[PDB]
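To keep things clear, I will list the structure first and then write my remarks on it.
Numbers and lists here come from the model and the stated rules, or from a named source; these are not laboratory values. In this analysis, Cβ positions are derived from the backbone assuming ideal geometry, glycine residues included, and neighbour counts consider all displayed protein chains.
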Amino acid sequence: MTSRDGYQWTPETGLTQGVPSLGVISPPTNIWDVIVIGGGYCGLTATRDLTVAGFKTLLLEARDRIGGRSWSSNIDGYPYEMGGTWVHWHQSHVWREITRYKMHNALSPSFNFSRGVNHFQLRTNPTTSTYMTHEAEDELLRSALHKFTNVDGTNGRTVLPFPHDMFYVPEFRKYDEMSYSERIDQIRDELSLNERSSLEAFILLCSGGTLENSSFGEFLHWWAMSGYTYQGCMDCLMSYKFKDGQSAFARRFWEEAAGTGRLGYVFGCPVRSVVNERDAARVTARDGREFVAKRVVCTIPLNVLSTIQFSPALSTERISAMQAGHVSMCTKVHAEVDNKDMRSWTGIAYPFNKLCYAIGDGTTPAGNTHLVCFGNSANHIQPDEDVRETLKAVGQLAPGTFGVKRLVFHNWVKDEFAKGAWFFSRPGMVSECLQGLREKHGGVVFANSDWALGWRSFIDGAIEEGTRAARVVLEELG
Amino acid sequence: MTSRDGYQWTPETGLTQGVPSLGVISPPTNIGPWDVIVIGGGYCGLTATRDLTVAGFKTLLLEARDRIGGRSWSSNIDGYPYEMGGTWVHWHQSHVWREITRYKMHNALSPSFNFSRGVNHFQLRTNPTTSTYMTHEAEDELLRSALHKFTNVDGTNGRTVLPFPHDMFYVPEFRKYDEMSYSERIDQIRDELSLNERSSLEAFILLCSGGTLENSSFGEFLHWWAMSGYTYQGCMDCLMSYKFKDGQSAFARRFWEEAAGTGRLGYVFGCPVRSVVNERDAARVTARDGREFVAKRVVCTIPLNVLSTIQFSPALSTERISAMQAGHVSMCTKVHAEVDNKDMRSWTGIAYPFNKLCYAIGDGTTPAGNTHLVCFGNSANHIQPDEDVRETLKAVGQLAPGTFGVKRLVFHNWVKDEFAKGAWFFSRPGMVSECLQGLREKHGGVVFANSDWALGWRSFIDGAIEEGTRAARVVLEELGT
Ligand SMILES: Cc1cc2nc3c(=O)[nH]c(=O)nc-3n(C[C@@H](O)[C@H](O)[C@H](O)COP(=O)(O)OP(=O)(O)OC[C@@H]3O[C@@H](n4cnc5c(N)ncnc54)[C@H](O)[C@H]3O)c2cc1C
Ligand SMILES: Cc1cc2nc3c(=O)[nH]c(=O)nc-3n(C[C@@H](O)[C@H](O)[C@H](O)COP(=O)(O)OP(=O)(O)OC[C@@H]3O[C@@H](n4cnc5c(N)ncnc54)[C@H](O)[C@H]3O)c2cc1C
Ligand code: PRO
Ligand code: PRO
């Protein structure tokens with residue numbers, strides 16, 4: 001089943017739009033106690049919980065598929081992860097689901113240093129490269145991240161001992177209010193070019209933004225969640241993916257909800273408005289269709305919420321967050337390349353390149369190396385706009401070492417139903433707005449990974465929030 | 001209300017049996033037909049029961065004790081929760097943290113360690129006559145050093161041989177470590193360890209196993225180590241850092257209240273089971289006093305070390321029988337002491353191998369303003385805390401001789417407890433590789449679920465919840481609707 005989402009390029013086809021996905025639901029409709037808006041992990045979790053608990057639930061989704069900001073496309077026997085990819089057993093909510101759905105043994109490691117070039121390629125200007133062992137890479141990143149995170153003498157353990165409760169130590173607020181650039185400026189004289197370049201590339205990989213617009217405290221939050229170490233981060237952020245792709249995982253939620261007999265759904269159904277009435281809420285599609293339920297779980301992403309009409313009017317904090325928007329404009333490009341030895345390659349090309357961080361991520365059945373490449377707002381490319389330029393950015397990660405057989409990507413920035421990649425905050429945004437983003441709104445429960453407490457911005461945060469939403473609805477409806 | 005479980009001692013009152021707990025359920029019964037019977041109201045049974053009742057199943061919970069919680073429960077004594085068994089939790093523990101967050105208790109934790117005032121040192125005792133004192137930074141360094149040597153069997157402290165701890169056979173080299181004892185591993189590195197390194201190492205690993213150096217699986221420790229992030233700090237974070245402000249019984253109550261609130265929960269406490277028999281369309285569960293209960297499926301959460309007391313029909317597999325015969329090795333003695341030294345809030349100690357309590361920390365301050373110490377003993381130098389109060393007081397005092405007097409002791413003897421026969425699961429060499437599949441296996445209409453044979457945080461509160469979640473899933477799949 002082909003989605004409208006996604007792009008693929010090959011020499012023989014050029015650039016084409018729309019790729020297959022297990023996430024595509026057919027037929028698109030099968031038609032209420034609850035309406036759930038959005039079929040990403042947050043909506044899937046809420047819907048699964050609610051239907052299992054006995055509630056008649058209508059899921060309305062703008063796209064032709066489930067998964068939202070995370071979905072996979074199987075092409076020539078290999079799953080390409082268009083958005084959210086990596087998971088770990090230190091991520092409570094996603095791991096709980098993985099184990100309950102018995103997919104704990106269905107993971108693959110992204111890193112494999114068993115053969116090939118077995119090096120990290122650091123490029124700090126367009127004309128040269130520095131190569132080092134993965135051990136040296138580890139040491140370099142450890143050194144730079146130590147200096148970056150050591151605001152309190154314990155790399156964040158003192159100012160942020162309980163990352164689920166950011167104000168537990170009052171002084172954390174000042175780090176939430178700090179930009180990446182402001183922190184770098186404090187340690188600048190203590191960083192070599194190699195340290196600073198790898199550091200900036202890594203922290204911008206995480207934020208998808210710029211040094212000026214990314215919150216230092218939010219990175220400290222990721223760091224803390226991961227165990228306050230570089231290896232903790234690598235383990236949680238980039239180590240383990242589904243063998244069969246994320247869309248296989250999303251299906252499990254879908255199949256369970258569907259099996260209850262209490263699931264109604266409409267795909268290709270973008271909501272334009274949500275109005276609170278007496279004892280119920282009314283949801284209206286762009287095309288005028290109306291749906292009514294006792295409660296609504298709205299999972300529309302933060303960067304998309306300004307397109308919706310709510311009455312009653314949303315709070316001041318909700319509006320300010322929505323209008324400012326989060327900063328992650330990550331470009332994620334998959335390249336299937338003809339260099340077999342690059343399975344064990346990693347690269348940082350910064351700041352001159354429109355893709356700044358990349359890894360060997362797998363081998364396709366055709367025996368080609370799969371590279372996953374990441375770009376941010378500091379030097380941004382829209383991968384769809386000019387494939388020649390996209391290929392150039394890919395190539396410049398390791399000039400003269402490979403030819404590209406395939407590109408696969410989804411443009412999250414230009415996606416009207418995402419308007420950005422995963423949540424990453426501006427300085428001060430989380431401390432100022434998190435409470436407002438999580439607050440009650442009559443018959444509407446606002447739930448999205450964007451404003452979770454723990455693994456905020458992760459698949460895990462989506463599930464945390466969907467679980468909360470279902471709990472709220474169940475308690476309110478008795 | 002007062003449980004039959006637990007002990008307390010004060011100079012004024014002497015030793016008394018039975019302590020209060022929010023885990024005590026009154027009235028002890030509210031009673032079919034029954035869709036499911038869940039045997040045991042520990043975290044495994046509570047999770048299964050909550051999931052099942054919420055999913056619409058008429059569920060009967062049968063519990064031997066007068067309380068919920070099983071191997072984890074708290075007693076509030078003069079406003080302080082004493083953790084009788086399972087205590088510590090962390091957000092790197094998937095199943096317990098999921099429950100904590102969903103019940104909105106993520107902000108209801110307290111840190112055990114507080115080094116902001118007081119003696120602020122680690123006291124290492126390797127013989128009865130002297131002590132070595134060091135900073136907690138030096139303590140960290142000592143343990144990091146010793147645990148590095150202990151765990152580095154593969155050059156990466158376990159990451160190569162056990163990359164996926166939920167799948168122990170992923171790498172073939174792991175089985176030989178599961179089959180290795182603590183003593184066999186130490187023998188491979190003995191010449192590389194100072195007395196201080198080996199003493200603190202052996203204390204720490206025996207803290208974890210509750211067993212002996214000879215009967216404790218090295219691979220099982222490597223499993224804990226891996227689950228925790230393959231570092232000493234990961235271990236400390238996951239094993240001993242954060243507890244519930246209001247005690248574990250407050251957490252257990254949340255599961256109870258949700259299950260009860262469905263209107264689909266039947267229950268009987270003080271109802272020990274003697275047999276479970278698979279019949280044609282149902283299973284029959286019979287109590288010690290002869291009462292019979294019938295349901296379509298049974299979730300049996302009776303612990304491994306207690307299973308041999310139960311009569312099953314049909315007979316169990318060789319693997320399940322052999323595990324329940326051999327038994328797990330954790331005979332941990334856990335003793336709380338409310339003490340008169342205020343400065344010991346920031347104290348930690350290891351006294352090894354000469355003391356019957358080996359590992360201890362300052363864990364809190366009671367409302368009365370007294371330091372709370374928690375003390376742990378293993379099977380290499382074991383004490384039954386209820387046998388002789390004076391011997392128990394002696395063991396406590398020898399952790400820091402001449403520094404404090406004891407105002408109160410609080411403990412439960414897990415070893416002699418007929419419904420536990422041991423503390424948390426910890427395996428003999430080769431036991432998990434040989435028996436884990438057997439222990440997890442279907443048995444007609446009976447689902448065997450317990451932390452003792454979980455895949456991830458096996459032996460933890462987390463593992464109990466993992467297993468309870470699996471059990472409800474199996475039942476819902478097999479029964480439908
Ligand atoms: C490129 C990229 C890489 C990532 N990498 C990782 C990773 O490695 N690991 C990880 O854990 N996470 C990763 N993330 C994070 C990510 O996957 C998300 O945070 C998570 O999936 C969000 O789930 P959600 O349900 O909360 O939101 P979404 O998934 O965005 O779901 C909500 C969505 O609501 C719908 N919607 C929007 N507007 C309307 C409307 N008007 N009407 C109806 N429906 C509407 C969307 O179409 C529907 O699917 C990544 C994300 C991206 C984009
Ligand atoms: C001293 C100690 C310290 C611990 N420390 C920690 C810790 O810090 N953190 C952590 O996560 N875990 C810790 N643990 C682990 C521990 O809490 C358990 O692994 C977990 O609680 C077990 O849950 P369970 O449900 O699987 O088993 P249990 O809790 O044992 O529950 C099963 C039980 O079934 C019942 N039963 C037994 N026989 C019968 C019968 N014949 N008929 C009816 N019912 C019967 C028991 O009474 C009932 O409660 C500790 C355990 C102990 C003892
Ligand atoms: O997949 C992505 O794009 C983000 C960035 C690195 C980890 N996850
Ligand atoms: O409470 C206990 O006894 C176990 C041993 C140390 C960590 N938790």
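Which residues, taken from segment A:183-211, are away from ligand 1 (no atom under 16 Å from the Cβ) and of a type in the set (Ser, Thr, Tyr)?
Correct list: A:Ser192, A:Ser197, A:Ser198, A:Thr210.
Out of everything in segment A:401-439 that is of a type outside the set (A, V, I, L, M, F, W, C) and within 14 Å of chain B (Cβ to nearest Cβ), what residue ends up being farthest from ligand 3 (Cβ to nearest atom)?
The qualifying residue farthest from ligand 3 (Cβ to nearest atom) is A:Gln435.
Against the condition surrounded by 24 or more Cβ atoms within 10 Å (Cβ to Cβ), in the same structural domain as A:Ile37 (by CATH) and more than 17 Å from the chain's Cα centre (by Cα), how does A:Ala462 come out, does it pass?
No; evaluated as a whole, the condition is false for this residue.
Can you find a residue that is closer than 30 Å to A:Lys241 by Cβ and assigned to a helix (DSSP H, G or I) anywhere in segment B:153-167?
No: segment B:153-167 contains no residue that is closer than 30 Å to A:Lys241 by Cβ and assigned to a helix (DSSP H, G or I).
Can you tell me which of (1) farther than 25 Å from A:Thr364 by Cβ; (2) within 17 Å of the chain's Cα centre (by Cα); (3) crowded, with 24+ Cβ neighbours inside 10 Å is the one A:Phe253 doesn't meet?
Here A:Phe253 clears every test but (2).
Of all residues in segment B:92-137 being closer than 25 Å to B:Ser451 by Cα and of a type in the set (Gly, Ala, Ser), which is farthest from the other protein chains (Cβ to nearest Cβ)?
This residue is B:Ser112.
With the checklist (1) within 12 Å of ligand 2 (Cβ to nearest atom); (2) within 21 Å of the chain's Cα centre (by Cα) in hand, flag the one item B:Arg98 doesn't pass.
(1)
This table checks each residue for (1) over 28 Å from B:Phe113 (Cβ atoms); (2) of a type in the set (A, V, I, L, M); (3) within 14 Å of chain A (Cβ to nearest Cβ); (4) away from ligand 4 (no atom under 16 Å from the Cβ).
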| residue | (1), (2), (3), (4) |
| --- | --- |
| B:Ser308 | yes, no, no, yes |
| B:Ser313 | yes, no, no, yes |
| B:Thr318 | yes, no, no, yes |
| B:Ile321 | yes, yes, no, yes |
| B:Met331 | no, yes, no, no |
| B:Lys334 | no, no, no, no |
| B:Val339 | no, yes, no, yes |
| B:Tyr352 | no, no, no, no |
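Look through segment A:205-242, keep the residues that are of a type in the set (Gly, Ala, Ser) and away from ligand 3 (no atom under 14 Å from the Cβ), and return whichever of them is farthest from the other protein chains (Cβ to nearest Cβ).
Filtering first and then ranking leaves A:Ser215.
Which ones in segment A:105-144 are surrounded by fewer than 18 Cβ atoms within 10 Å (Cβ to Cβ), within 30 Å of B:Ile465 (Cα to Cα) and not hydroxyl-bearing (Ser, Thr, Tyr)?
A:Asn105, A:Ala106, A:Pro109
Would you mind telling me which numbered condition in (1) more than 20 Å from B:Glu257 (Cα to Cα); (2) more than 14 Å from chain A (Cβ to nearest Cβ); (3) part of a loop (DSSP other than H, G, I, E, B) B:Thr16 fails?
(3) is the only condition that B:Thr16 fails.
Yes or no: A:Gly478 within 12 Å of chain B (Cβ to nearest Cβ) and crowded, with 24+ Cβ neighbours inside 10 Å?
Here the answer is no, as A:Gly478 does not meet what is asked.
Against the condition surrounded by 20 or more Cβ atoms within 10 Å (Cβ to Cβ), more than 14 Å from ligand 2 (Cβ to nearest atom) and either part of a loop (DSSP other than H, G, I, E, B) or among the hydroxyl-bearing types (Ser, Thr, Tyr) (or both), how does B:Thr47 come out, does it pass?
no
Here's a check for you: in segment A:140-171, which residue that is of a type in the set (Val, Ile, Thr) and within 14 Å of chain B (Cβ to nearest Cβ) is farthest from B:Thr101 (Cα to Cα)?
A:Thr154
Would you mind finding the one in B:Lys416, B:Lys421 that is over 16 Å from B:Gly362 (Cα atoms) and surrounded by fewer than 18 Cβ atoms within 10 Å (Cβ to Cβ)?
None of the other options fit; the residue is B:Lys416.
Just to be sure I understand the filter: pairs with C-beta atoms under 8 Å, separated by 6 or more residues or on different chains, first member in segment B:270-293 and more than 19 Å from B:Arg4 (Cα to Cα) and within 14 Å of another protein chain (Cβ to nearest Cβ), second member more than 14 Å from ligand 2 (Cβ to nearest atom) and not β-branched (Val, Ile, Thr). Which pairs pass?
none
Checking B:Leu147 against (1) surrounded by fewer than 19 Cβ atoms within 10 Å (Cβ to Cβ); (2) in a helix (DSSP H, G or I); (3) within 29 Å of the chain's Cα centre (by Cα), only one condition comes out false. Which one?
That leaves (1) as the condition not met.
Just give me the residues in segment A:29-56 being β-branched (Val, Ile, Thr), within 16 Å of ligand 1 (Cβ to nearest atom) and within 14 Å of chain B (Cβ to nearest Cβ), in sequence order.
A:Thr45
Given the condition of a type in the set (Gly, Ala, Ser) and within 14 Å of another protein chain (Cβ to nearest Cβ), answer yes or no: does some residue in segment A:80-91 qualify?
Taking every residue of segment A:80-91 in turn, none turns out to be of a type in the set (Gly, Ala, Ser) and within 14 Å of another protein chain (Cβ to nearest Cβ).
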